[PDB]
K.L.:
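Please see the structure below; I have some questions.
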Protein chains: 2
Amino acid sequence: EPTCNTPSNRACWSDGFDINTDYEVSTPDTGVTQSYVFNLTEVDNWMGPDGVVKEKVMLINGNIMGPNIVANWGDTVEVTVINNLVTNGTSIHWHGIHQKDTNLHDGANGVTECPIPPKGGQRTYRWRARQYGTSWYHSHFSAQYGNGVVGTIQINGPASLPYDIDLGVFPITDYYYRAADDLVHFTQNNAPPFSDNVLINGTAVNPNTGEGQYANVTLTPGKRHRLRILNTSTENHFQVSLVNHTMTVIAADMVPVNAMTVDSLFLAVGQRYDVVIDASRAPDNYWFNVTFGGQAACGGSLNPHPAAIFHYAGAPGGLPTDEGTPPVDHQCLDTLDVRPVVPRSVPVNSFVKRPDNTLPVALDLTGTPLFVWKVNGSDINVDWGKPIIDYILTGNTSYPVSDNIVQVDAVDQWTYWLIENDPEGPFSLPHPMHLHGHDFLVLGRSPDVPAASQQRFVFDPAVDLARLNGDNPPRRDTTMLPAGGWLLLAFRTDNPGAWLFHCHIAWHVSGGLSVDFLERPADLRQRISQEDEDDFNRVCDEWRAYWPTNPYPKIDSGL
Amino acid sequence: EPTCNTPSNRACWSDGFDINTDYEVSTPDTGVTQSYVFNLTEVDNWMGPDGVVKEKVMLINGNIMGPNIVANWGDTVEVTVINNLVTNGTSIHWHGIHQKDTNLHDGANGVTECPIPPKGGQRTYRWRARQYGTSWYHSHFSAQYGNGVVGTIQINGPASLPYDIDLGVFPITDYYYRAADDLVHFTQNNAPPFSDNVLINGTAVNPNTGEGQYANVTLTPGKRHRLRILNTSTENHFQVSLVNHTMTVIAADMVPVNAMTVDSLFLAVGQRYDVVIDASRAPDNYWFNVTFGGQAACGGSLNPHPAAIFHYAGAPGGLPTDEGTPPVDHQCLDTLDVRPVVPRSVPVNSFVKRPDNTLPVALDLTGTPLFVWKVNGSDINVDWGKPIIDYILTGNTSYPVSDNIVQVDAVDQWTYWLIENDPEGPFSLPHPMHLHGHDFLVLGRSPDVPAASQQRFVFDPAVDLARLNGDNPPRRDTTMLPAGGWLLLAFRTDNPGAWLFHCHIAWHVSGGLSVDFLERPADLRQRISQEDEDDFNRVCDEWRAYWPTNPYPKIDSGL
Ligand SMILES: *[C@@H]1O[C@H](CO)[C@@H](O[C@@H]2O[C@H](CO)[C@@H](O[C@@H]3O[C@H](CO[C@H]4O[C@H](CO)[C@@H](O)[C@H](O)[C@@H]4O)[C@@H](O)[C@H](O)[C@@H]3O)[C@H](O)[C@H]2NC(C)=O)[C@H](O)[C@H]1NC(C)=O
Ligand SMILES: *[C@@H]1O[C@H](CO)[C@@H](O[C@@H]2O[C@H](CO)[C@@H](O[C@@H]3O[C@H](CO[C@H]4O[C@H](CO)[C@@H](O)[C@H](O)[C@@H]4O)[C@@H](O)[C@H](O)[C@@H]3O)[C@H](O)[C@H]2NC(C)=O)[C@H](O)[C@H]1NC(C)=O
Ligand SMILES: *[C@@H]1O[C@H](CO)[C@@H](O[C@@H]2O[C@H](CO)[C@@H](O[C@@H]3O[C@H](CO)[C@@H](O)[C@H](O)[C@@H]3O)[C@H](O)[C@H]2NC(C)=O)[C@H](O)[C@H]1NC(C)=O
Ligand SMILES: *[C@@H]1O[C@H](CO)[C@@H](O[C@@H]2O[C@H](CO)[C@@H](O[C@@H]3O[C@H](CO)[C@@H](O)[C@H](O)[C@@H]3O)[C@H](O)[C@H]2NC(C)=O)[C@H](O)[C@H]1NC(C)=O
Ligand SMILES: *[C@@H]1O[C@H](CO)[C@@H](O[C@@H]2O[C@H](CO)[C@@H](O)[C@H](O)[C@H]2NC(C)=O)[C@H](O)[C@H]1NC(C)=O
Ligand SMILES: *[C@@H]1O[C@H](CO)[C@@H](O[C@@H]2O[C@H](CO)[C@@H](O)[C@H](O)[C@H]2NC(C)=O)[C@H](O)[C@H]1NC(C)=O
Ligand SMILES: *[C@@H]1O[C@H](CO)[C@@H](O[C@@H]2O[C@H](CO)[C@@H](O)[C@H](O)[C@H]2NC(C)=O)[C@H](O)[C@H]1NC(C)=O
Ligand SMILES: *[C@@H]1O[C@H](CO)[C@@H](O[C@@H]2O[C@H](CO)[C@@H](O)[C@H](O)[C@H]2NC(C)=O)[C@H](O)[C@H]1NC(C)=O
Ligand SMILES: *[C@@H]1O[C@H](CO)[C@@H](O[C@@H]2O[C@H](CO)[C@@H](O)[C@H](O)[C@H]2NC(C)=O)[C@H](O)[C@H]1NC(C)=O
Ligand SMILES: *[C@@H]1O[C@H](CO)[C@@H](O)[C@H](O)[C@H]1NC(C)=O
Ligand SMILES: *[C@@H]1O[C@H](CO)[C@@H](O)[C@H](O)[C@H]1NC(C)=O
Ligand SMILES: *[C@@H]1O[C@H](CO)[C@@H](O)[C@H](O)[C@H]1NC(C)=O
Ligand SMILES: *[C@@H]1O[C@H](CO)[C@@H](O)[C@H](O)[C@H]1NC(C)=O
Ligand SMILES: *[C@@H]1O[C@H](CO)[C@@H](O)[C@H](O)[C@H]1NC(C)=O
Ligand SMILES: COc1cccc(OC)c1O
Ligand SMILES: COc1cccc(OC)c1O
Ligand SMILES: [Cl-]
Ligand SMILES: [Cl-]
Ligand SMILES: [Cu+2]
Ligand SMILES: [Cu+2]
Ligand SMILES: [Cu+2]
Ligand SMILES: [Cu+2]
Ligand SMILES: [Cu+2]
Ligand SMILES: [Cu+2]
Ligand SMILES: [Cu+2]
Ligand SMILES: [Cu+2]
């Protein structure tokens, strides 16, 4: 609970805690728990928000999205998940939530847990809210989140600008009429489809029939409004803009940044931006437009103009009349101009590229099926029935090759990772890379070029070392690997655990595009509570009993 | 020579000849021949128009393009080509010129002729100008035209709109620093590059250094100007627009059409439009913009804003100040709205899909190299040393499989062709399909959707018969095969000969994307003159003597 957080002083939170606190090492002791139940059900012939009826969806508490999780900085969030699906296991991942010393609550099935079995299986997740901002949660059972197992998280806390009104969460997502497993199967041997529509805060209008509704945000004139934008898609990467207005960024993913005003923003899959919008224009109805850049390299939609309505309180109703002008083409790249309020500093002059710090991503067209993604020569394939945590708890170091384990033994040290985007393959795509358990620093990437250009770069020390930034670089949980190029990341090994690092395009991670950082495994085993161990074993026993009875095979990586 | 073609009556030509004459069956007997010599040379370290030096080019008469051929309707055009290259053969194709009963002057090496040998080989082409309009010529020796063996043709004649000034030819082309054989090799195993620049009437500014010059077209205030726009690219498909001005289309390819006013136009590779621009606006400098649509499915350039300057005479110099608005995205599709002045009508209700009228295009990824294009199961591969005409002249009917012979014995009948774009393959691309020896009627295509959306269509007669048009449809020599769809064409078998029908993207035809329509072969042999037969045998004899001495292999289809 805050004691000095006001519109004119959003920097302030409580005694000892403000915007400048190092929230990665200091957390309020509130002693409060916010708890929730997620009852997952399987619904056939479900009428969606654009008038179209979908074959099958998978819903939490019967709605298009799960509960909006809301708690304060330092609270505990607790969620009992009850799996009432017909065949699928399930696992809920808290995306953005670092799970400091609570790896077994990460929700990564095959890594930190077995799937919760269907027909009534249950598990209670429990995690400390040690970071304030906007995050989201979703199934990690193959591509199940594409069926509806998805929701948002708002952990209140201080901010880097003053503002009057918190408008709350604003999820934007691709929307397909075809069910997730059908799309996985299709994307194994075909290039991915455009989306059927793009939902903004759960609604859109049908581009063909005119059924459905525009999302409608009411602005209070003369007021500063915080809007928490999310990209909860399975594949589409979005550019957003508000006709006749600017947006001032105050956080990126779950990291507060210094105020940065822009005309439009790129959101990769899984990215978030908290913005402040001043209602200082003529009182009217204004379009909020979703657009695509990068020449379809990171998605498109069969709805030519997805949009919502920003309405000035006290103005006429009806539709905006100004279509406005197209935003700048972001070429499927997030901005590296953001600067966190709480700084970090690392050296970059000393980096040397070596097999043990290099992650080559490659598309393999030679095997079955056609599209298999490999990192360091291997497509990930987890075993839902023998998670990496099982090996840790039984002292088994014989990890299978397909688990893509990258063991990182350094204790609380900065580690450096060069990810290479198939520079020598016939074709290369942008990928939204996401790290569990940590925010990373984005130290540099290959020069910014048009996404579909097929321009290729290999890291050259004689030109690229000088292009890296170790002085308070963008710090967050998801960033873009450039088509045909490279990305250099760093994170500190402060959190023992098995942590996935993976492309967040569902079809890609389904296709193998992941590794698993095994951070400080010796330290990890010592830190697992008897409570966490017993319950991990309980779920695994139930999953292992269930699986032989399942009528469908596993046909992808499991993630 | 005309007698009644003036600015207010452009419809008039001479006694018996006007815009409504059927130029396909009636031609002025002028008795005049216009002759040219084309001297081909190989130039290394050539300084091109944007300031960059190219490794190697191949030039006609030492310039970036060959001579502008110009003659009157009914004239004879005669060109002596002297091949002074070091190693390559050559053969010049007159694109848009139907070669009525002159198949052996078509310039299709491996089909109508052996290539002209280097180190001084020569051949004289002679053909009748039985069509008036704007066409072009280029080498057909693999992708050699990508090195500079290219130029324009203007055959003067009547028009469908009055105009005051003929501005003449305005060729727009992609421009690569790499040589054609290097691009062919590259494209065999890799997605194709964006162009380095886009030249407009032989010039452009380097977007990095600012070296070079904009094309500068001077307009006469208050006058109507005919502009003859061509796309002479190897891969790039262009949208063109002129800030604050419309363009009135008066011909498409070499076929006069009823006036059609538009804001912007799409030109496929090989396509031409004659347009009339009225200098009716305020005197100033206006940008003529080249842009890309279809989300890169049909090209892009690394020059972000290729452009020319249209200057009103007596206005200030310098650069245009108004950037304008982007045109509508043409999604890599030419317009089907144009209507020829001289009409054709064919039945569409009787069309039945069968194997013998269907041409399935497919990318085969299983062989070597990676990107191989097949039509009806086979990638074309011609024998420069034994052209199809050789089989004809010796009465040998055992045509190799690789020659992709589609024999068509019908005498002067409409024939229907359904072209299918790999609807079952993992991804599909738009293709600019070009027919030698005829203009075709465009009877229909799959529904217009976004070029990069990977939506797929298979001809369904219950839905698609109704979408066909045989009431004076578009008639021309090049049109777009939609990404993932289909195209229905028709031509009348009025021209005995061996006629290529191919994608005009150099990299694809290199890769196998062609067939060879062997039209009425019995009639073909009787109409070949003793001079044509003798000279064919002369050039083949010299080519066959030369080839064993070539230090380089043929690495592609020959086309
Ligand atoms: C989790 O639960 C999911 C929901 O039941 C499971 O997905 C189902 O998985 C099976 C087996 O992979 C699929 O069954 C196949 O369906 C395909 C394709 O059907 C498509 O096309 C037909 C028309 O031909 C149309 O009827 C459908 O709408 C589809 O678009 C068949 O060709 C196969 O032979 C086979 O029957 C189901 O389609 C699929 N359902 C959905 C809605 O995705 C999934 O397996 C479960 N996962 C686990 C690990 O338990
Ligand atoms: C028609 O004439 C053309 C011009 O002479 C011929 O093209 C040449 O063909 C040869 C034989 O294949 C090529 O030689 C190969 O070159 C490649 C690539 O070298 C280039 O690129 C690399 C790297 O980007 C660069 O380092 C070089 O400096 C080159 O620019 C090499 O890998 C091989 O070692 C081999 O030498 C020529 O490069 C190619 N030249 C050009 C300018 O296109 C063509 O073969 C002739 N065709 C016929 C049928 O006679
Ligand atoms: C922001 O979103 C809005 C709403 O989706 C977009 O407005 C839409 O703009 C398009 C493009 O101009 C309009 O479609 C066109 O309309 C004309 C006239 O009917 C027609 O000739 C074209 O064929 C085309 O269909 C559309 O009416 C309009 N929608 C509404 C409800 O007003 C807007 O373009 C988006 N802005 C940006 C910058 O992305
Ligand atoms: C038609 O072609 C002209 C000429 O290429 C285009 O004009 C150019 O427009 C671009 C985009 O606005 C300008 O680039 C911008 O420059 C400013 C600095 O002044 C900078 O803020 C941006 O980062 C961007 O690079 C460019 O200056 C301008 N060129 C000239 C010589 O005026 C025009 O955009 C094209 N119009 C259409 C409809 O395609
Ligand atoms: C967006 O929501 C607002 C708020 O509910 C709607 O605004 C009202 O519009 C009606 C007429 O349609 C007026 O009579 C009210 O005075 C408005 N309220 C306020 C507070 O300004 C608006 O209609 C909605 N827009 C759409 C497209 O439905
Ligand atoms: C990527 O795979 C390569 C090949 O297995 C790994 O390279 C080895 O790294 C270990 C640890 O440094 C060394 O002992 C070996 O000498 C390396 N083998 C070879 C032949 O290079 C590499 O470590 C893997 N990288 C990552 C990030 O997981
Ligand atoms: C295309 O560019 C050529 C550049 O040569 C232009 O042709 C010249 O233009 C001037 C002025 O109109 C003529 O008087 C010269 O005699 C021409 N030279 C040659 C060799 O043809 C031409 O004008 C350009 N076309 C347009 C529309 O600007
Ligand atoms: C395009 O060409 C025209 C020539 O037709 C140039 O227009 C002249 O501009 C100069 C000033 O630079 C004037 O003194 C002349 O009087 C103009 N002549 C006419 C006939 O209008 C124009 O400068 C050229 N544009 C560019 C970019 O070079
Ligand atoms: C494409 O290839 C197939 C051969 O697989 C051709 O189909 C044959 O055509 C003849 C008629 O000319 C029929 O008698 C045979 O029954 C067909 N065979 C099959 C398997 O259907 C087809 O003609 C070819 N099409 C074109 C336009 O070349
Ligand atoms: C889950 O939701 C369904 C659908 O409303 C309901 O019938 C069921 O009893 C719920 N189960 C539990 C244990 O929450
Ligand atoms: C999002 O939609 C919900 C309805 O579920 C509404 O309560 C909320 O105000 C919306 N938020 C915005 C910013 O429009
Ligand atoms: C490691 O795990 C595998 C799979 O369960 C098992 O076969 C092997 O016996 C285990 N080894 C140890 C040391 O427990
Ligand atoms: C062609 O051009 C070259 C160089 O310009 C010249 O040496 C040669 O004599 C010319 N050859 C002929 C036959 O025209
Ligand atoms: C007919 O052509 C084929 C293909 O070149 C050839 O192998 C065969 O020898 C020819 N036969 C005659 C009689 O020339
Ligand atoms: C834009 O997205 C894509 C385009 C082409 C191929 C892909 O994966 C095989 C893919 O994911
Ligand atoms: C958009 O252009 C292309 C992309 C990928 C492969 C191609 O050749 C097979 C190609 O021509
Ligand atoms: Cl996370
Ligand atoms: Cl032709
Ligand atoms: Cu996530
Ligand atoms: Cu995550
Ligand atoms: Cu990816
Ligand atoms: Cu994950
Ligand atoms: Cu051509
Ligand atoms: Cu041609
Ligand atoms: Cu093609
Ligand atoms: Cu051709």
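Computed from heavy atoms alone, side chains included, the values below leave out hydrogens, waters and symmetry copies. Just so we're on the same page: letters track the sequence lines, and every chain starts at 1. First listed ligand is number 1; within each ligand, the first listed atom is number 1.
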K.L.:
Applying side-chain contact (heavy atoms from CB on, under 4.5 Å) to A:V198 and A:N236, what does each step give before you reach the verdict?
P.N.:
CA-CA 9 Å; A:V198 173; A:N236 282 184; 4.0 Å; yes
K.L.:
Considering only non-hydrogen protein atoms, determine which one is nearest to atom 32 (O) of ligand 3 and report residue, atom name and distance to 0.1 Å.
P.N.:
A:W287 CZ2, 3.8 Å
K.L.:
Please state which protein non-hydrogen atom is closest to atom 21 (O) of ligand 7 and give its distance, to 0.1 Å?
P.N.:
B:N68 ND2, 4.9 Å
K.L.:
Please confirm whether A:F266 and A:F238 have ring centers closer than 6.0 angstrom.
P.N.:
no
K.L.:
Provide, to 0.1 Å, the distance between atom 2 (O) of ligand 3 and the closest protein heavy atom, together with that atom's residue and name.
P.N.:
A:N289 ND2, 2.3 Å
K.L.:
How about atom 11 (C) of ligand 7: does it have a protein heavy atom within less than 4.0 Å?
P.N.:
no
K.L.:
Quick check on atom 19 (O) of ligand 3 - does any protein heavy atom sit closer than 4.0 Å to it?
P.N.:
no
K.L.:
Any protein heavy-atom neighbour for atom 36 (N) of ligand 3 (distance below 4.0 angstrom)?
P.N.:
yes
K.L.:
Once you measure the plane-to-plane angle for A:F310 and A:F288, does it fall in the parallel (<30°), tilted (30-60°) or perpendicular (>60°) bin?
P.N.:
parallel
K.L.:
Verify the contact flag for atom 7 (O) of ligand 7, where contact means a protein heavy atom under 4.0 Å away.
P.N.:
no
K.L.:
Are any non-hydrogen protein atoms located under 4.0 Å from atom 2 (O) of ligand 7?
P.N.:
yes
K.L.:
Do protein heavy atoms approach atom 15 (C) of ligand 3 to less than 4.0 Å?
P.N.:
no
K.L.:
With a cut-off of 6.0 Å (strictly less than), are more than 12 heavy atoms of other residues, nucleotides or ligands near CG of A:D263?
P.N.:
no
K.L.:
Any idea how B:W136 and B:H95 line up, ring-wise: parallel (<30°), tilted (30 to 60°), or perpendicular (>60°)?
P.N.:
tilted
K.L.:
Looking at atom 6 (C) of ligand 3, what's its closest protein heavy atom, distance included?
P.N.:
A:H305 CB, 3.9 Å
K.L.:
Checking side-chain polar atoms at under 3.5 Å, does B:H138 have a donor or acceptor matched by the opposite partner on B:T232?
P.N.:
no
K.L.:
At a 4.0 Å threshold, what atoms of ligand 3 neighbour a non-hydrogen atom of A:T291?
P.N.:
39 (O)
K.L.:
Are any of the protein's heavy atoms under 4.0 angstrom from atom 15 (C) of ligand 7, yes or no?
P.N.:
no
K.L.:
Can you check whether a protein heavy atom sits less than 4.0 angstrom from atom 23 (O) of ligand 3?
P.N.:
no
K.L.:
Do A:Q331 and A:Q295 meet the criterion of a side-chain donor-acceptor pair at a distance under 3.5 Å?
P.N.:
yes
K.L.:
Is a side-chain donor-acceptor pair under 3.5 Å present for B:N68 with B:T152?
P.N.:
yes
K.L.:
What atoms of ligand 3 come within less than 4.0 Å of a heavy atom belonging to A:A307?
P.N.:
2 (O)
K.L.:
What part of A:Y214 sits under 4.0 Å from ligand 3 if we count only heavy atoms: the side chain, the backbone, both or neither?
P.N.:
side chain
K.L.:
What protein heavy atom is closest to atom 28 (O) of ligand 7, reported as residue, atom name and distance in Å?
P.N.:
B:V217 CG2, 3.5 Å
K.L.:
For A:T325, take its heavy atoms, then give the atoms of ligand 3 lying under 4.0 Å from any of them.
P.N.:
38 (C)
K.L.:
Can you pull out the closest protein heavy atom to atom 22 (C) of ligand 7? Residue, atom name and distance to 0.1 Å, please.
P.N.:
B:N201 ND2, 3.8 Å
K.L.:
Measuring to protein heavy atoms, does anything land under 4.0 Å from atom 4 (C) of ligand 3?
P.N.:
yes
K.L.:
Nearest protein heavy atom to atom 12 (O) of ligand 3, by residue and atom, and its distance?
P.N.:
A:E323 OE1, 2.6 Å
K.L.:
Do A:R281's NZ or CZ and the ring of A:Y312 fall within the cation-pi criteria of under 6.0 Å and 45°?
P.N.:
no
K.L.:
Got a protein heavy atom sitting under 4.0 Å from atom 28 (C) of ligand 3?
P.N.:
yes
K.L.:
Using a cut-off of 6.0 Å, state whether more than 12 heavy atoms not belonging to A:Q407 lie near its atom CD.
P.N.:
yes
K.L.:
Please could you name the atoms of ligand 3 that A:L319 approaches to less than 4.0 Å, counting only its heavy atoms?
P.N.:
31 (C)
K.L.:
Does the protein come close to atom 9 (O) of ligand 12 - that is, does one of its heavy atoms sit below 4.0 Å from that atom?
P.N.:
no
K.L.:
Tell me which protein heavy atom sits closest to atom 1 (C) of ligand 12, plus the residue, atom name and distance to 0.1 Å.
P.N.:
A:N396 ND2, 1.5 Å
K.L.:
If the threshold is 4.0 Å, N to carboxylate O, is there a salt bridge linking B:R445 and B:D334?
P.N.:
yes
K.L.:
In terms of atom number and element, which parts of ligand 12 are under 4.0 angstrom from non-hydrogen atoms of A:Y391?
P.N.:
2 (O)
K.L.:
According to the interplanar angle, ranging from 0 to 90°, do the rings of B:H245 and B:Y286 count as parallel (below 30°), tilted (30 to 60°) or perpendicular (above 60°)?
P.N.:
perpendicular
K.L.:
Can you confirm whether some protein heavy atom lies under 4.0 Å from atom 25 (N) of ligand 7, or whether none does?
P.N.:
yes
K.L.:
Are the side chains of A:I405 and A:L518 in touch, meaning some heavy atoms are under 4.5 Å apart?
P.N.:
yes
K.L.:
Closer than 4.0 angstrom, basic N to acidic O: yes or no for A:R538 and A:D541?
P.N.:
no
K.L.:
Ignoring hydrogens and angles, state whether a donor on the side chain of B:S233 or B:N231 is under 3.5 Å from an acceptor on the partner side chain.
P.N.:
yes
